[PDB]
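We name chains A, B, ... by the order of the sequence lines, and we start the count at 1 in each one. Below, each value reflects all heavy atoms present in this structure, side chains not excepted, and no hydrogens, waters or symmetry copies.
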Amino acid sequence: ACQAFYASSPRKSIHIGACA
Amino acid sequence: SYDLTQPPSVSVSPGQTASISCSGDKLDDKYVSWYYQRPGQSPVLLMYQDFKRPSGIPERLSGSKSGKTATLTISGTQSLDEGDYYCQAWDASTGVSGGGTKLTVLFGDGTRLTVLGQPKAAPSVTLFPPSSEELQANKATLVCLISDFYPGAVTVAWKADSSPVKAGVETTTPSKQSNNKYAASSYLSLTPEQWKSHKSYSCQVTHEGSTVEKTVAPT
Amino acid sequence: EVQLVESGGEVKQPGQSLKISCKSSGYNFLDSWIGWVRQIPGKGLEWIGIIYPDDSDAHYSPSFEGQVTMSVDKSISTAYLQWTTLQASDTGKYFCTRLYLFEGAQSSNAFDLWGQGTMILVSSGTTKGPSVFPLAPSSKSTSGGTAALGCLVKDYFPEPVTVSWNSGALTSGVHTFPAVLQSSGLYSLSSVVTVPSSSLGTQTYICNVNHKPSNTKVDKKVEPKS
């Protein structure tokens, strides 16, 4: 469980924090 | 939707190491970014993902984290460092409605970093009573000008006959003077009657612990 | 280079609608989220929301959702922010910023690019020249051979107003203070000059006030108290 959003879109992705 | 707390003020001398903390309840699992802003300018990115500084940012700026706290440490604080500092993070809330996720950008209230570049200087005060021309126009205003005080910060208080009064007061923020000291002004509105039927009014200026005042009375 | 240029500032009255803009250039507009931040005078940075230009997906701060609307015009690389009904609480400087994606071991995002900001004043005030009142010198304004006298430039809008003394002949010891925006929405300003007390009975003091916005010029002779 990571903290990535819109991962399926390598350009629209927003990373909130460290995974797990 | 959690809060980000950072000291509204941090003061330091040139060369010293300054520290700006920022804490929030989820910061333990959230990246933090830091921005800089010189009054009247646009924010500048300084740090992201807790400790990574964008190309072009001084190595003297170090980003750290520990528990629910994030810290921006500025070693050898110069003076272009003077300004406001904001920390920021995010939050996500996958709605229980099956689908839909809410993202949130959070900002701390900001820290005003002050680089003491000159000796403490107490404020000079000057209080002007209402003129006859305004009084006849059936209006009255007491003007309290304040200058040459450092650092730039003062709290004003008006006591009509040694008794306070928050109504009718309008004070400005501090502003840098041509000589690098700060200035501000406050106004007190009253009515011609409200002023003539007293013994006096006073403008009290508190600066760096010590406070000075001035007084005026009707003819 | 790469930048975001925002529309010019404005002054509206409560109830009016408004649409401010932001044009990017130098990077693919559609590939980076655009966020909007508000900053009321004196206060800190407030988040309004973010929108992705390629499909206009948006995230609004619970405070603004339904009060303002984010949108972009792909054909011209421009993000907008609109209100149908403005309020006094909407006053402030609005920034337009791009959220950058830092790809690496573990990717992250931060707002690297910002516009210059669009100042928005929501007020009932209307352009007016100021009334100027003399701040006569006195034994209350006399220190060590120096006397302080001035002028009160009241109730004007909007900025700015200039003040000089004796048609520019008097400059030393002149201190024109930044104005106050009254709760009424009108501005008030004060300019004071410290001069030798000995001179009070023979030298004439006049403050020259100029308010370009309303074509108001006024000269005020300041004579010794009572």
Side-chain angles (χ1 to χ4, degrees), chain B residues 39-40 128 130-131 133-146 156 167-175 183-191, chain C residues 6-20 38-43 83 85-94 116-135 150-165 174-192 207-220 222:
Chain B
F128 287 101
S131 55
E133 294 155 53
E134 176 185 29
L135 291 176
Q136 183 176 60
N138 207 50
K139 315 196 302 287
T141 313
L142 300 184
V143 192
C144 193
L145 303 313
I146 324 159
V156 177
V169 176
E170 303 262 45
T171 305
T172 73
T173 60
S175 81
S185 38
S186 174
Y187 302 79
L188 184 68
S189 304
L190 315 171
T191 67
Chain C
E6 304 194 59
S7 44
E10 289 174 52
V11 175
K12 310 290 288 174
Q13 36 193 289
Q16 303 194 83
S17 67
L18 175 65
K19 182 170 183 164
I20 63 176
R38 177 172 83 177
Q39 186 179 61
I40 319 172
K43 299 301 171 180
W83 290 261
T85 314
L86 289 165
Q87 288 187 69
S89 62
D90 280 310
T91 296
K93 213 182 187 189
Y94 290 71
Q116 75 282 197
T118 298
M119 181 60 237
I120 290 301
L121 175 54
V122 183
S123 176
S124 62
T126 47
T127 299
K128 299 169 182 287
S131 283
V132 185
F133 299 113
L135 301 182
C151 271
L152 183 78
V153 189
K154 189 165 72 163
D155 303 325
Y156 70 83
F157 184 84
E159 291 283 47
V161 308
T162 57
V163 176
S164 63
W165 292 87
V174 174
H175 192 328
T176 300
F177 294 70
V180 291
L181 183 42
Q182 310 173 66
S183 61
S184 64
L186 302 179
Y187 291 105
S188 278
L189 174 169
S190 280
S191 175
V192 62
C207 68
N208 319 99
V209 185
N210 187 49
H211 185 244
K212 294 284 191 68
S214 72
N215 257 291
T216 302
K217 265 198 177 190
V218 39
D219 305 314
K220 199 66 182 182
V222 183

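Residues C/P14 and C/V122 are in side-chain contact: their nearest non-hydrogen atoms beyond the backbone lie under 4.5 Å apart. At least one side-chain heavy atom of C/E10 sits under 4.5 Å from a side-chain heavy atom of C/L18. Residues C/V153 and C/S188 form no side-chain contact, since every pair of their non-hydrogen atoms from C-beta on lies 4.5 Å or further apart. For the pair C/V222/C/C151, a side-chain contact is recorded, criterion being any heavy-atom separation below 4.5 Å from C-beta on. Between B/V169 and B/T171, the closest side-chain pair of non-hydrogen atoms falls below 4.5 Å. For the pair B/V156/B/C144, no side-chain contact is recorded, criterion being any heavy-atom separation below 4.5 Å from C-beta on. When side chains are defined from C-beta on, C/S190 counts as touching B/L145, because their heavy atoms get closer than 4.5 Å. Taking 4.5 Å as the limit, some side-chain heavy atom of C/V209 sits within range of a side-chain heavy atom of C/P130.
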Pair C/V174-C/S191, side-chain contact (heavy atoms from CB on, under 4.5 Å): steps then yes or no
CA-CA 7 Å; C/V174 174; C/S191 175; 4.3 Å; yes
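Expressed to the nearest 0.5 Å, how far CG of C/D90 lies from CD1 of C/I120 amounts to 9.5 Å. For the atom pair B/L190 CG and B/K139 NZ, the distance stands at 13.0 Å (nearest 0.5 Å). Going from atom OG of C/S17 over to atom NZ of C/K12 covers 6.0 Å, rounded to the nearest 0.5 Å. Put simply, NZ on C/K212 and OG1 on C/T162 are 7.0 Å apart, with the number rounded to the nearest 0.5 Å. Note: C/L121 CG to C/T91 OG1 = 5.0 Å, rounded to the nearest 0.5 Å. Atom CG in B/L135 sits 8.5 Å away from atom OG1 in B/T141 (nearest 0.5 Å).
In this structure, the side chain of C/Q116 engages the main chain of C/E6 through a donor-acceptor pair within 3.5 Å. Judged by distance alone, the side chain of C/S214 and the main-chain N or O of C/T127 form no donor-acceptor pair under 3.5 Å. Listed for the B/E170 side chain is no donor-acceptor partner under 3.5 Å among the backbone atoms of B/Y187. Under a 3.5 Å cut-off, the side chain of C/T118 and the backbone N or O of C/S7 do form a donor-acceptor pair.
The two residues C/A179 and B/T172 have their closest heavy-atom pair at O-CG2, 3.9 Å. In terms of heavy atoms, B/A184 sits closest to B/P174 at CB-CA, 4.3 Å. Across every non-hydrogen atom of C/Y94 and C/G92, the tightest pair is CD1-O, 3.4 Å. Smallest separation of non-hydrogen atoms from B/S185 and C/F177: OG-CB, 4.1 Å. Smallest separation of non-hydrogen atoms from B/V143 and C/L152: CG2-CD1, 3.5 Å. Across all their heavy atoms, B/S131 and C/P134 have their closest contact at CB-O, 3.4 Å.
For residues 154-165 of chain C, the salt bridge (charged side-chain N to carboxylate O under 4.0 Å, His left out) pairs, not counting sequence neighbours, are B/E134-C/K154.
Remark: C/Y156 engages C/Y187, C/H211 in a ring-ring contact (aromatic ring centres under 6.0 Å, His included) (not counting sequence neighbours). Evaluation of the salt bridge (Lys or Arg N to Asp or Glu O under 4.0 Å) rule for B/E133 yields C/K220 as partners, not counting sequence neighbours.
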